[PDB]
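Student:
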Amino acid sequence: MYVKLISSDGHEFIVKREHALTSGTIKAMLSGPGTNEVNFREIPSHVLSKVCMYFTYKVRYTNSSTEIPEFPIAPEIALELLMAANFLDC
Amino acid sequence: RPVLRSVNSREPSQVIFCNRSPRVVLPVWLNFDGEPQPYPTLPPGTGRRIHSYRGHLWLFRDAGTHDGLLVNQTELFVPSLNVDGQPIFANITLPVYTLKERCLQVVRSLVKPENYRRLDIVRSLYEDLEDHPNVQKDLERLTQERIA
Amino acid sequence: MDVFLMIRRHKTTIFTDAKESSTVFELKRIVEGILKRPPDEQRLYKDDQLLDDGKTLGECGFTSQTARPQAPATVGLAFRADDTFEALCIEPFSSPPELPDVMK
Amino acid sequence: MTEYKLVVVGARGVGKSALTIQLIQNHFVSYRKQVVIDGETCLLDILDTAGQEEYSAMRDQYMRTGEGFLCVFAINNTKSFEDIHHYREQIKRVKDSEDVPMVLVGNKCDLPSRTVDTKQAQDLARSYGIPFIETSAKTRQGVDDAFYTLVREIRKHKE
Ligand SMILES: Cc1ncsc1-c1ccc(CNC(=O)[C@@H]2C[C@@H](O)CN2C(=O)[C@@H](c2cc(OCCCCN3CCCN(c4nccc(-c5noc([C@@]6(C)CCCc7sc(N)c(C#N)c76)n5)n4)[C@@H](C)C3)no2)C(C)C)cc1
Ligand SMILES: Nc1nc2c(ncn2[C@@H]2O[C@H](COP(=O)(O)OP(=O)(O)CP(=O)(O)O)[C@@H](O)[C@H]2O)c(=O)[nH]1
Ligand SMILES: [Mg+2]
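Shown next, in the form of C-alpha cells:
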C-alpha cells in the first residue's frame with residue numbers, strides 16, 4: 017500500500033505508506049486515533071524528494087546491523103530540508 | 060557511585076575497535092567514577108586491537124562534532140571476557156539520525172556558530188543549532204533510561 | 001542485494017525497491033499495482049535507453065552501488081494509449097535558491 | 001642542541017635502572042648525558058626507570074612529556090615479555106597516538122637461563138614495527154645501541 021505526497025509545485029510522490037509514517041507529522045495526518059494523499063503547500067519538489075529519499079533511507083538502514091552510510095545533504099538544499107525536517111518531525 | 064561507570068574487574072579483555080563510519084571516531088571510556096575519558100582517535104575505516112577490561116563501559120562520538128554513534132548497534136559497549144582468548148569485536152557505526160538532526164549537523168559544519176543567527180530559518184531552529192552534541196548531556200539521558 | 005529506484009513520468013515520481021536479480025517485467029508488474037496500467041502498456045527507461053523486459057535490474061546498470069536508498073537511480077516511464085506510444089518526458093524538479101553568503 | 005626525553009619501561013626487575021646506570025656512568029651494581046648520534050649532538054634525558062604501577066593523572070602528564078620509550082623485558086622471565094603489550098598500550102594512551110617512538114629491549118642476555126627465545130621477540134617487534142635490541146646491563150653489551158636506536162626512532166617520527 018502506497019501514499020501520494022504532493023509538493024508545492026505539483027510534483028507527485030508515490031511512496032510506501034510505511035515509509036511515509038517515519039515522520040510524526042505525516043503519521044498524524046493519516047492515522048489519528050480514528057486519507058490517501060496529502061498536499062504540502064510550502065515544500066518544493068526538490069526538497070520533498072530528498073525527504074522521501076530519507077524515508078527509504080530510514081526504513082532500510084534501521085534494521086541494518088553491520089554498517090550504515092551517511093545521509094548526504096547538499097549545502098544548497100540544507101536550509102530548505104532543515105525547515106522541512108523540523109516541520110515534518112522526522 | 061553512578062550507574063554509568065566501569066567496574067574494577069582488573070580482568071583484561073582484548074577488543075577490536077572498528078570504525079565503520081565515515082567520521083573520525085573518538086572512543087570515550089567511562090572510568091570508575093563515570094567521568095568520560097578520551098582515547099586516541101580512529102580514522103574512518105580503521106581497526107585497532109585494543110586492550111580493555113571486563114565490565115568497562117565505552118561509547119563513541121565523532122571526534123570533531125561529538126555526534127552520537129553506535130557500537131554493535133547499541134549506544135554503549137561492554138566487552139565480555141574472552142572465551143579461549145579470542146578478541147571481542149566492537150563495530151562502531153553511524154546512527155540512523157533524524158532528518159532534522161542530520162540537517163543540524165550539516166549546517167553546523169558549514170556555518171560558524173557566530174553566524175547561526177544570520178539565516179532565514181525560524182527562531183526555534185537557532186537554539187536547536189546551538190544545542191551542540193554533548194557527552195555529559197547524553198550520559199544523563201542514558202542513566203535515566205536505565206530506570207529498569 | 002536490493003536496489004532503490006525513482007520511477008518518473010511527467011511530474012509523478014514513485015519510490016519503490018527491488019532486487020538486483022529481478023527483471024524489468026517484474027518492475028513493470030509493481031508499476032501496474034500502483035498506477036493501474038498494464039505492463040504491456042509500460043516502457044521503462046534508464047536515462048534514454050529502453051530496458052529489456054527479460055534483463056535483470058543489475059544487468060541494466062542498477063547495482064547496489066548506483067541505486068542506493070539515500071541516492072536512488074532514476075527510471076523513466078512512458079505509456080501506450082492503445083497503439084499510440086507517448087514520448088518519454090520527465091518534468092524536472094524545482095531548483096534551490098543560491099546558497100546564502102553565511103555558508104560560503 | 002636538541003634534547004631527547006626517553007622513558008625506560010618494563011616489568012619489575014627487568015633491569016631498567018641497571019641499563020640506564022650502565023648507559024651513563026658505564027657502571028653495573039638525575040639521568041642526563043651529552044652524546045653524538047648520527048652527526049647531530051644531542052642530550053639524552055632518562056625520565057623514569059621505576060616500574061611501580063601508578064595511574065595517576067600526574068604520572069600520565071609526566072609520561073606524556075616523554076618522547077621515546079624503551080620497552081624492556083628480562084629473557085630470564087617469561088611474564089616480563091608477555092606484559093610488554095600492556096606497557097606499549099599505556100604509552101599509546103598517554104601519547105594519544107597509535108605511532109609513538111618505541112624500541113623493544115631484551116635484557117639479561119648474559120644469563121644462561123633464557124626462557125624467551127630471540128626469535129619470539131623479533132617476531133613481536135616485527136608486528137609492532139619497532140626495532141628490537143638484546144642488551145646486557147652487566148656487560149655493556151647493546152646498551153648504547155638500544156638508546157641511540159630509540160633516538161633514531163624519535164628523529165624518524167618527526168617526518
Ligand atoms: C590505540 C587506541 N586507539 C583507539 S583507543 C586506543 C587505546 C590505547 C591504549 C589503551 C590502553 N588501555 C586502557 O587504557 C584501558 C581501557 C579501559 O579499559 C581503561 N584502561 C586502562 O588501562 C585503565 C585500567 C587499568 C585497569 O586495571 C589495571 C590492572 C593492571 C595490573 N597490572 C599488574 C601486573 C603488572 N603490570 C604493571 N605493573 C607495573 C607497572 C605497569 C605499567 N603499565 O604501564 C606503565 C607505564 C610506566 C609505562 C607506559 C606509560 C605509563 S602511563 C602510566 N600511568 C603508567 C603506569 N603505571 C605507565 N607501567 N604495569 C600490568 C601488566 C598489569 N583497569 O582500568 C587505566 C587507564 C587506569 C586502550 C586503547
Ligand atoms: N646478570 C644480570 N643482572 C642484571 C642485568 N640487568 C639487570 N640485572 C639485575 O636485575 C635486578 C633488577 O635490575 P634493576 O635495574 O636494579 O631494577 P629495575 O628493573 O629498575 C626494578 P623496578 O622495576 O622495581 O624499578 C638487579 O639485581 C640487577 O643487578 C643484566 O644484564 N645481567
Ligand atoms: Mg627503578
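Chains as they are written, first to last, in the entry's author numbering: chain B, 17 to 50, 57 to 112; chain C, 60 to 207; chain A, 1 to 104; chain D, 1 to 29, 39 to 168. Built from N, CA and C at the ideal position, the CB exists for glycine as well.
Taking the alpha carbon of D/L113 as the reference point, which residue from D/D69, D/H94, D/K165 and D/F141 has its own alpha carbon closest?
Tutor: Comparing Cα positions, the closest option is D/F141.
Student: In chain C, which residues lie less than 8 Å from A/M6 when you measure between Cβ atoms?
Tutor: Ordered by position in chain C, no residue passes the 8 Å Cβ test against A/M6, which lies about 18 Å from the chain.
Student: Under three-state DSSP, which class holds A/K55?
Tutor: coil
Student: Whose Cβ in chain C lies nearer than 8 Å to the Cβ of residue 236 of chain D?
Tutor: Shown here, chain D extends from 1 to 168; a query on residue 236 of chain D therefore has no answer.
Student: Roughly how many angstroms lie between the CA atoms of C/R161 and C/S168, to the nearest whole one?
Tutor: 11 Å
Student: Compute the Euclidean distance between the alpha carbons of D/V109 and D/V103, then round it to the nearest angstrom.
Tutor: Going by the C-alpha atoms only, they are around 10 Å apart.
Student: Is A/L44 close to chain B, meaning its C-beta is less than 8 Å from at least one C-beta of that chain?
Tutor: no
Student: Along chain B, which residues have their Cβ under 8 Å away from the Cβ of C/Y156?
Tutor: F93
Student: In the DSSP output, what is C/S72 paired with across the bridge?
Tutor: C/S111
Student: Once DSSP output is grouped into helix, strand and coil, what is the label at D/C51?
Tutor: strand
Student: Can you find at least 3 beta carbon pairs, one from the region 51–63 of chain A and one from the region 19–30 of chain A, that sit closer than 8 Å?
Tutor: yes
Student: Compare the Cα-Cα distances from D/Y4 to each of D/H27, D/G48 and D/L52 and report the closest residue.
Tutor: D/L52
Student: Are B/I42 and B/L101 touching if we call contact CB-CB under 8 Å?
Tutor: no
Student: Looking at the unbroken alpha helix (DSSP H) that takes in B/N108, where does it start and where does it end?
Tutor: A100 to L110
Student: Near C/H125, what residues of its chain come up, given a Cβ to Cβ distance below 6 Å and the 5 sequence neighbours on each side ignored?
Tutor: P192
Student: Opposite A/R29 in the DSSP bridges: which residues?
Tutor: A/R29 is not bridged to any residue.
Student: If contact is defined by three or more beta carbon pairs under 8 Å, each pair taking one atom from either stretch, is the region 152–159 of chain D in contact with the region 123–137 of chain D?
Tutor: Counting Cβ pairs under 8 Å, fewer than three are found: no touch.
Student: Which one or two residues does DSSP pair with D/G77 in a beta bridge?
Tutor: D/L6
Student: Provide the residue(s) that pair with C/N78 in DSSP beta bridges, ordered along the chain.
Tutor: C/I151
Student: Looking only at DSSP bridge pairs, what is B/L70 linked to?
Tutor: Bridge partners of B/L70: none, in fact.
Student: Of the choices C/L184, C/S80, C/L128 and C/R107, whose alpha-carbon is the least far from that of C/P146?
Tutor: C/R107
Student: My assumption, with CB atoms under 8 Å, is that A/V3 sits in contact with A/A71. Please give the rounded CB distance.
Tutor: Not really, about 11 Å apart at Cβ, beyond 8 Å.
Student: In chain order, what residues of the same chain lie with their CB nearer than 8 Å to the CB of D/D119, ignoring the 5 residues before and after it?
Tutor: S145, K147, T148 and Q150
Student: Would D/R97 be called buried (16 or more neighbouring beta carbons within 10 Å of its own) or exposed?
Tutor: Buried.
Student: Is D/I46 near D/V160, with beta carbons less than 8 Å apart?
Tutor: yes
Student: Go ahead and label B/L104 buried or exposed: buried means 16 or more other beta carbons lie within 10 angstroms of its beta carbon, across all protein chains shown.
Tutor: buried
Student: Please identify, using Cβ separations under 8 Å, the residues of the region 60–92 of chain A that lie next to chain B, in order along the chain.
Tutor: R68, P69, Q70, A71, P72 and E91
Student: Would the region 71–87 of chain B count as touching the region 23–41 of chain A if we require 3 or more Cβ pairs under 8 Å?
Tutor: No, the region 71–87 of chain B does not touch the region 23–41 of chain A.
Student: Can C/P86 be considered in contact with ligand 1, in the sense that its beta carbon sits closer than 7 Å to one or more heavy atoms?
Tutor: yes
Student: Classify D/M1 as helix, strand or coil using the three-state DSSP reduction.
Tutor: coil
Student: Does any C-beta atom of chain A lie closer than 8 Å to the C-beta of B/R33?
Tutor: no
Student: I'd like to confirm something about D/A59: is its beta-carbon nearer than 7 Å to some heavy atom of ligand 3, or not?
Tutor: Flag set: Cβ of D/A59 near ligand 3.
Student: Indicate the three-state DSSP secondary structure (helix, strand or coil) for C/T202 in the structure shown.
Tutor: helix
Student: So does the region 173–189 of chain C actually touch the region 108–128 of chain C, counting three or more Cβ pairs closer than 8 Å?
Tutor: no
Student: Roughly how many whole angstroms lie between the Cα atoms of C/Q132 and D/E143?
Tutor: 46 Å
Student: By a C-beta neighbour count over all protein chains shown, 10 Å radius and 16 as the cutoff for buried, is B/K32 buried or exposed?
Tutor: B/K32 is classed as buried because its beta carbon has at least 16 other beta carbons within 10 Å across all chains shown.
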